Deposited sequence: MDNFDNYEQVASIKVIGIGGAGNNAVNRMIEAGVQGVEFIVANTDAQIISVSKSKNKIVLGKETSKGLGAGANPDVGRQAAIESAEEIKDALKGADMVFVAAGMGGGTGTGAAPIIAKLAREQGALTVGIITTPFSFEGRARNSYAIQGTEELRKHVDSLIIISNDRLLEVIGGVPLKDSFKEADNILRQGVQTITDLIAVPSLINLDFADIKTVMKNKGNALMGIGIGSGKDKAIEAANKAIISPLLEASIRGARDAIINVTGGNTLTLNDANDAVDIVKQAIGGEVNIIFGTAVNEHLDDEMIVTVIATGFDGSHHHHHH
């Protein structure tokens, strides 16, 4: 029976430890260490460490504060890792705490006699250059003080979770944003059979707060029923559109879309919202849709 300890440092490490405690990882003692006394307080770990409670005074670490707060806490760290055969040092590189504290904790863990494995992420490219270069410095220092260093790139992780190359990892998000704008602006500014007046958009959207958006696409004989219901319970909705006081409905279709289809989609959304909702709606033509229609609802008033 080997003694295995995981010490999670900073935000990413604290996250990892909580997730291991919840998944019920067996036969491992967990430790959390963070300069931010707040994050520590609410942790699910039996073994808690506030780093450098002297200098930082527990008031976070920002983005040298990490290294110094680990040094100042060496005794609490040595005492929590004491007697381990293997120590995992878990951190996210790039931040204020994890970057500077991990190499110190690894050094202590290894000098005590533990087989010391660092496991770390490096930042997404969109986190910026300074953050990615701080991450590289911290990696090279951590490497000096571990037996082996498992390095997970958050860029490559995004490819795994999203299933697409990094270049395309936010295309779907970019596209929803495009749809959200276009849903409204086509009805105002692109002439079609049914446009909406700007004053009536204003009535739905002025001084409202949170506007819910659901998009749904459907095809075949029952496309209106499929499209409208998919928009009404879209995973993209913050909350239910039920009860909204005003809503905009954009019905988009190809050249074969019928008046009856558009009318059914509007009727479905009106019944789904219910009550005396004030509904306005318009249509848009998209000739690259083949026997499909898209229904978008923007609901306000809660």
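Deposited residues absent from the coordinates (by C-alpha)
No C-alpha coordinates exist for 1-9, 73-74, 314-322.
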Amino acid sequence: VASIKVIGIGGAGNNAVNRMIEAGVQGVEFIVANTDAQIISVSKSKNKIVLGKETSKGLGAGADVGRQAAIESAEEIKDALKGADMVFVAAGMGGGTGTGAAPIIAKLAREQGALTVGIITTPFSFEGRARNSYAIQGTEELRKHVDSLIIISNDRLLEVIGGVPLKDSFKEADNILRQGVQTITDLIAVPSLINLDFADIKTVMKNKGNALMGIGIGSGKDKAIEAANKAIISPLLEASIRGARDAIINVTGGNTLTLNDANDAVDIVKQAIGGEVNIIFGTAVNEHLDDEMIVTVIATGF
From here on, numbers count along this sequence of modelled residues.
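Look up the CA B-factors in the entry and say which stretch, 25-33 or 252-260, has the higher mean.
Per the PDB entry, the higher value belongs to 25-33.
Determine, for stretches 44-52 and 239-247, which one has the higher mean CA B-factor as deposited.
Mean CA B-factor is higher for 44-52.
From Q179, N195, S133, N210, pick the one with the largest CA B-factor in the entry?
Highest CA B-factor of the listed options: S133.
In terms of the CA temperature factor given in the entry, to which third of its chain does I273 belong: lowest, middle or highest?
Middle third, going by the recorded CA B-factors of the chain.
Using the B-factor values recorded in the entry, state whether the Cα atom of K202 falls in the lowest, middle or highest third among the modelled residues of its chain.
Bottom third by C-alpha B-factor.
Using only modelled residues of the chain, where does the Cα B factor of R143 rank: lowest third, middle third or highest third?
Tercile = highest for this residue's CA B-factor.
When the modelled residues of the chain are sorted by Cα temperature factor, does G96 land in the lowest, middle or highest third?
Highest third of the chain for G96's C-alpha B-factor.
Where does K230 sit by CA temperature factor within its chain: lowest, middle or highest third?
Lowest third.
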